[PDB]
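Engineer: If you read the sequences in order, they're chains E and B.
For the first sequence, the authors' numbering gives the first residue as 75, with consecutive numbering after it.
Residue numbering for the second sequence is 2 to 275, 280 to 428, as defined by the authors' numbering.
Beta carbons: idealized from backbone N, C-alpha and C, even for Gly.
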Amino acid sequence: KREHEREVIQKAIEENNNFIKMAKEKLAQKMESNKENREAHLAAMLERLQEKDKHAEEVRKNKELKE
Amino acid sequence: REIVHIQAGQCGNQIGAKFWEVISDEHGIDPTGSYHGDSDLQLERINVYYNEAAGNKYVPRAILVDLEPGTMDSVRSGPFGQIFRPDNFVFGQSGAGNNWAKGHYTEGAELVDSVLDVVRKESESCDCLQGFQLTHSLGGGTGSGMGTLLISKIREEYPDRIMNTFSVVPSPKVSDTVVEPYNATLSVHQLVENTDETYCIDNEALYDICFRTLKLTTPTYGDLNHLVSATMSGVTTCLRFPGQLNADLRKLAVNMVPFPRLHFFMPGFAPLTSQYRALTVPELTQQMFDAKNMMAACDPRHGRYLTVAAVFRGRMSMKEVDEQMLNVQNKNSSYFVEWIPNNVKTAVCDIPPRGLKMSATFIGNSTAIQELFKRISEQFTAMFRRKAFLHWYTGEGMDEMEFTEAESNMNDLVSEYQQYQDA
Ligand SMILES: Nc1nc2c(ncn2[C@@H]2O[C@H](COP(=O)(O)OP(=O)(O)O)[C@@H](O)[C@H]2O)c(=O)[nH]1
Ligand SMILES: Nc1nc(NCc2ccc3c(c2)OCO3)cc(-c2cccc3[nH]ccc23)n1
Ligand SMILES: [Ca+2]
Ligand SMILES: [Mg+2]
């Protein structure tokens with residue numbers, strides 16, 4: 075009976091720690107994935123605007139080499 | 002000689018305190034612990050329950066246990082609260098939340114060693130310890146779970162001593178939480194294995210007595226506990242006064258318990274008081294055997310008596326007592342098993358209780374007690390088949406398997422009672 079009592083209290087400790095562990099790892103995975111997605115959204119927007127500035131330069135370089 | 006008393010949890014400590022008030026009054030001990038009686042019969046066996054300290058002071062041989070402080074503060078402030086030894090109060094802070102697993106496996110385990118230290122200090126100074134009595138309820142968390150843990154450790158360290166309990170059994174009619182049937186099933190499993198005698202005190206019966214017979218529209222815990230304390234006084238009278246008998250807890254057990262697992266007793270009391282008409286011996290005898298005076302809500306006509314003890318208190322004719330006890334046995338012979346001859350025993354004590362001229366206490370070992378366990382088993386099953394409220398327990402580390410085993414043990418106890426009822 076005494077050994078069973080020790081197994082019960084150890085199982086309770088183990089389950090509390092496992093719940094803490096799994097919530098910590100789930101949170102960390104989410105908070106990384108969200109950062110990566112947002113930065114990729116902003117990088118695509120900036121890249122589209124820089125491609126626009128490049129096209130405006132080719133236009134002015136077209137008008138100069140017309141004359 | 003010496004008895005050690007233990008009270009655990011809210012219920013246990015309230016009824017325990019009431020017990021010590023009543024018997025301290027009978028022995029002429031006041032709240033300060035000074036003797037102010039009129040008769041040497043009060044002191045001749047005082048040492049059974051009280052230690053003598055310096056100054057001819059008498060101190061109860063009593064240990065007070067809880068996982069929360071509240072109720073022991075109420076004891077310490079109660080009317081006789083100063084009589085208990087301060088070092089005998091052992092309390093935690095966390096509480097047990099009406100949860101047997103907290104009492105037995107987690108919160109309770111942290112405190113049990115410090116409780117055993119005080120038990121050992123009391124036993125060490127006993128001239129000749131006869132054994133132990135515990136007061137507790139089965140429906141909560143501390144008295145139920147930690148009480149049965151304590152019972153197990155005491156058996157392990159004092160394996161040849163008698164262990165006796167006064168155990169309050171739960172009812173939906175007087176209920177604090179829905180989980181009471183779980184806590185009670187887990188506790189009975191322990192008692193079947195580790196006690197010699199258990200007095201079954203059913204809150205259902207105490208309520209019905211207060212309501213129907215004593216006429217009280219709203220019974221409080223105080224009203225129920227008054228009956229409990231009067232019953233316990235009755236049942237300890239033969240050890241406590243010079244009544245010829247040369248007995249100890251073991252000789253009483255040997256006389257009352259024919260099979261080791263079937264040791265659950267049904268108490269009764271007469272007359273029932275909340280008057281002036283004195284009571285004839287026929288009247289005490291008729292009422293003590295009446296279903297309505299029983300403290301466990303079981304019909305004794307639904308079973309048979311394995312054994313009976315009757316204790317009469319007051320000045321009365323022993324001839325008339327014998328005649329009436331014989332009358333009830335001879336006219337109702339079919340309810341008494343024929344294969345244990347002379348299974349009804351009678352004691353008389355000269356000293357009456359406070360406020361009565363004559364009284365009787367009843368102790369029955371009847372197979373009808375199976376009715377109580379069946380009740381609890383049905384309430385258990387109705388939840389357990391859907392696993393309702395189980396997460397409170399598995400969160401403290403218990404598996405379902407332990408519940409299944411406890412349920413099986415209690416159905417076996419019921420089957421045994423039925424085997425001896427049909428013989
Ligand atoms: N007869 C009686 N029953 C009680 C008393 N206090 C609580 N109960 C019952 O005991 C059970 C609750 O257990 P409780 O003693 O409060 O739990 P604990 O403090 O954890 O040991 C329920 O069945 C209550 O109805 C009391 O003073 N007298
Ligand atoms: N078993 C049993 N019977 C009892 N009744 C009376 C009786 C009188 C004469 C008898 C007899 C029984 O048996 C054969 O002769 C009381 C008790 C008891 C329990 C628990 C704590 C106790 N502190 C003092 C007593 C006691 N225990
Ligand atoms: Ca702790
Ligand atoms: Mg309570």
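Tell me which residues pass a beta-carbon proximity test against ligand 4: closer than 7 Å to any heavy atom, given in chain order.
Structural biologist: Every residue passing the under-7 Å Cβ criterion appears here: B:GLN11, B:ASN99, B:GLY141, B:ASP177.
Engineer: Between B:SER75 and chain E, is any beta-carbon pair separated by less than 8 Å?
Structural biologist: Not an interface residue.
Engineer: Using the beta-carbon of each residue, which ones in chain E are nearer than 7 Å to B:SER413?
Structural biologist: Chain E residues near B:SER413: none, gap ~17 Å exceeds 7 Å.
Engineer: Would you please state the rounded distance, in angstroms, between the beta carbons of B:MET330 and B:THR285? I believe it to be under 8 Å.
Structural biologist: Actually they are not in contact, since the Cβ atoms of B:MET330 and B:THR285 sit about 14 Å apart, beyond 8 Å.
Engineer: Could you name the residues of chain E that B:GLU401 contacts, counting a contact when the two beta carbons are closer than 7 Å?
Structural biologist: By Cβ distance, chain E contributes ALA86.
Engineer: Hey, would you say the C-beta of B:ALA248 is under 7 Å away from at least one heavy atom of ligand 2?
Structural biologist: Yes, since a heavy atom of ligand 2 falls inside the 7 Å radius drawn around the Cβ of B:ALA248.
Engineer: Applying a beta-carbon distance threshold of less than 9 Å, which residues of chain E neighbour B:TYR425?
Structural biologist: Those do not exist, as B:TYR425 stays about 29 Å from chain E at its closest Cβ, beyond 9 Å.
Engineer: Closest by CA to B:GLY17, which one among B:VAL76, B:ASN57, B:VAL49, B:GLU53?
Structural biologist: Nearest of B:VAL76, B:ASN57, B:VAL49, B:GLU53 to B:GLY17, Cα basis: B:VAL76.
Engineer: Regarding B:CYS239 and ligand 2, is the C-beta to nearest heavy atom distance less than 7 Å?
Structural biologist: Under cutoff, so the answer is yes.
Engineer: Could you confirm whether any beta carbon from chain B is found closer than 8 Å to the beta carbon of E:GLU79?
Structural biologist: So, interface residue.
Engineer: With a threshold of 7 Å (Cβ to nearest heavy atom), would B:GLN245 be considered close to ligand 2?
Structural biologist: Checking the Cβ of B:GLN245 against ligand 2 gives no.
Engineer: By a C-beta neighbour count over all protein chains shown, 10 Å radius and 16 as the cutoff for buried, is E:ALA114 buried or exposed?
Structural biologist: Per the 10 Å Cβ criterion, exposed.
Engineer: Do B:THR238 and B:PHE385 come within 8 Å of each other at the CB atom, strictly closer than that value?
Structural biologist: It is not a contact, given that the beta carbons lie outside the stated cut-off.
Engineer: What does B:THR143 touch in chain E if you count any residue whose Cβ is under 8 Å from its own?
Structural biologist: What B:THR143 touches in chain E: nothing, since even the nearest Cβ is about 17 Å away.
Engineer: So, for B:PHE81: in the same chain, excluding its five sequence neighbours on each side, which residues have a beta-carbon less than 8 Å away from its beta-carbon?
Structural biologist: The answer, listed in chain order, is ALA18, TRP21, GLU22, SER25, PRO32.
Engineer: Do B:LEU225 and ligand 1 come close, with the Cβ less than 7 Å from some heavy atom?
Structural biologist: B:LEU225: yes, Cβ under 7 Å from ligand 1.
Engineer: Report all residues from its chain with a CB closer than 6 Å to the CB of residue 1 of chain B; omit the five preceding and five following residues, and keep chain order.
Structural biologist: Since the displayed chain B opens at 2 and closes at 428, residue 1 of chain B lies outside it and no answer follows.
Engineer: Once you ignore the five residues that flank B:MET321 on each side, which residues in its own chain have a CB closer than 7 Å to its CB?
Structural biologist: Hits under 7 Å: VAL286, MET363.
Engineer: Any idea what DSSP makes of B:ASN195, helix, strand or coil?
Structural biologist: Helix.
Engineer: My output table needs one value for B:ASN165: the three-state DSSP class, helix, strand or coil.
Structural biologist: In this structure, B:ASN165 counts as strand in the three-state DSSP scheme.
Engineer: For B:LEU240, which three-state DSSP category applies?
Structural biologist: DSSP places B:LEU240 in helix when its eight states are reduced to three.
Engineer: Judging by CA-CA distance, which residue of B:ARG46, B:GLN423, B:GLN292, B:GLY146 is the nearest neighbour of B:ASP67?
Structural biologist: For the residues B:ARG46, B:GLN423, B:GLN292, B:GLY146, the minimum Cα distance to B:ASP67 belongs to B:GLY146.
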